[PDB]
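Enquirer: Quick check, what structure comes out for this input:
(2 chains)
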Amino acid sequence: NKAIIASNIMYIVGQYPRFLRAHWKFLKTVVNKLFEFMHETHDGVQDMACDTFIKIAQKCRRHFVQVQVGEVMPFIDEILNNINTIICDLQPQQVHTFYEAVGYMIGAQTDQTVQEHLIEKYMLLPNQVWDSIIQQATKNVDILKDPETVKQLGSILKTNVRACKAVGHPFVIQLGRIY
Amino acid sequence: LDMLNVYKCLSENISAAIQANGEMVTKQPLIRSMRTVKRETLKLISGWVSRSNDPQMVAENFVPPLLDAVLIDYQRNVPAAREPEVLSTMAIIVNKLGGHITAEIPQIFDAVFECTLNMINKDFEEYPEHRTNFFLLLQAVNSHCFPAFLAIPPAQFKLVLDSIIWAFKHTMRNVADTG
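Expert: Numbers count the residues shown, from 1 in each chain, chains lettered A, B, ... in the order given. Okay, here it is:
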């Protein structure tokens, strides 16, 4: 029962960004609740929690990259310094939906310099796998024939596609780095 | 294939001429002409593998015929008749094929290594080109096919490492530096 209820609560709060955009503390509490639900093993809860999070990010993108009252650091920072601890229990596709969600936040930082640093760290986790697979291919190109490494190259790319859909032009700094 | 046959035909014609009348014969029309077919043959072989782009296909078709045709020929040649460019031609292919040839180092090093080493282990002067090239080869193998140095027995490996000592004791700047 609790999961069916929690989902509806999460659906309702997802439909009223106007209210979230006026009450940071609540928005904050909501996001964190979603981050917790992201380790929930009960059926569907993790799909629910991701749908809501991308939704909210899209419509409240500005509040995550600008410092709110009662804080001394933009929420994105906490989120980026913890990506792994949050998404560790998510499935491949959900991880993509999560990356797309943060991407929208990144797209809010119009300030060149800062948006660039945000982007570099945003794509840091996926980059490690990439950089790794790449150096090994520069020793033996029979590796790009390896079932597992090819499975990864796919998921890394898929992640790169979503981030780009949300970040927009500025994402060029990334594309250029691996193009 | 035929080109390798004629190469080998000439290579055996030259060595005999020398074995029968000493180095001197190299200083005359016909021999110098036969040396040319060999050298250009080697230019062609190495010149292509360099710009080739399918390592395995190259290591499984165009490399095995090199063994009997060029390597074991270089082995059976009299010291004065051996082509230094054989070693450098082989060096280039190792740089290109890399891991795809790591399994043939045994077969290769047999023919050329020890027999060439005995030409350059008396002093530090004779057979200059053979010194230079030999170590470009050894550099290459060590650089792109190190695993080979483990496959072989400790007795052979030692012989290799001490050969390096020998290199950097040279007064020819290039040979000592390669070492």
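
Enquirer: Not counting its neighbours along the chain, what's nearest residue A:152?
Expert: With C-beta to C-beta, 6 or more residues apart in numbering or on different chains as the measure, residue A:129 is the residue that lies nearest to residue A:152, at 5.6 Å, once sequence neighbours are left out. Yep, even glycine has a C-beta here, placed from its N, CA and C like the rest.

Enquirer: hmm, who's touching stretch B:63-83?
Expert: The contact list for stretch B:63-83 (C-beta atoms under 8 Å, 6 or more residues apart in numbering or on different chains) reads B:1, B:4-5, B:7-8, B:11-12, B:14-15, B:18-19, B:22-23, B:26, B:35, B:38-39, B:42, B:45, B:86, B:89-90, B:93, B:97, B:101, B:104, B:107-108, B:111-112, B:115-116, B:119, B:127, B:130.

Enquirer: Also stretch A:100-112?
Expert: For stretch A:100-112, the surrounding residues in contact (C-beta under 8 Å, 6+ apart) are A:50, A:53-54, A:57-58, A:61-62, A:64-66, A:76, A:79-80, A:83, A:115, A:118-119, A:122, A:162-168, A:170.

Enquirer: give me the number of residues near residue 145?
Expert: Chain wasn't specified; assuming chain A. One way to gauge burial is a neighbour count; for residue A:145, by other C-beta atoms under 10 Å in any protein chain shown, it gives 10.

Enquirer: Not quite, go with chain B.
Expert: Residue B:145 - counted by other C-beta under 10 Å - has 22 other residues nearby.

Enquirer: give me the residue from chain A nearest chain B.
Expert: residue A:140 (4.8 Å; C-beta to the nearest C-beta).

Enquirer: Give me the neighbour count for residue 75.
Expert: Answering for chain A, as no chain was given. Using other C-beta under 10 Å, residue A:75 has 20 other residues around it.

Enquirer: ah, no, chain B please
Expert: Here the number of neighbours of residue B:75 (other C-beta under 10 Å) works out to 16.

Enquirer: Now do residue B:52 against chain A, distance only.
Expert: Between residue B:52 and chain A the distance is 13 Å, computed by C-beta to the nearest C-beta, to the nearest Å.

Enquirer: do residue B:116 as well
Expert: Residue B:116 sits 28 Å away from chain A when distances are taken as C-beta to the nearest C-beta.

Enquirer: So what's the gap between the host helix or strand of that residue and the chain middle?
Expert: Counting by DSSP states H and E, the element that carries residue B:116 is helix B:105-117. If you compare the mean C-alpha spot of helix B:105-117 with that of the full chain, they lie 8 Å apart, counting by C-alpha atoms, centre = their mean, to the nearest Å.

Enquirer: can you tell me which of the contacts of stretch B:63-83 are in strands?
Expert: Secondary structure assignment by DSSP state E places none of these in strands.

Enquirer: which among those end up buried?
Expert: By neighbour count, with 16 or more other C-beta atoms under 10 Å in any protein chain shown, the contacts of stretch B:63-83 hold B:4, B:7-8, B:11, B:14-15, B:18, B:26, B:35, B:38-39, B:42, B:45, B:86, B:89-90, B:93, B:97, B:101, B:104, B:108, B:111-112, B:116, B:119, B:127, B:130 as buried.

Enquirer: Now intersect these with the helices, please.
Expert: Among these, the members falling in helices (DSSP state H) are B:4, B:7-8, B:11, B:14-15, B:18, B:35, B:38-39, B:42, B:45, B:86, B:89-90, B:93, B:97, B:108, B:111-112, B:116, B:130.

Enquirer: quick one, helices of chain A?
Expert: Using DSSP H, the helices assigned to chain A run over residues A:2-15, A:17-20, A:24-37, A:45-60, A:75-80, A:83-87, A:92-106, A:112-122, A:124-137, A:147-167, A:172-178.

Enquirer: chain center to the fourth one: distance?
Expert: Right, helix A:45-60. Centroid separation for helix A:45-60 versus its chain: 10 Å, with C-alpha atoms, centre = their mean.
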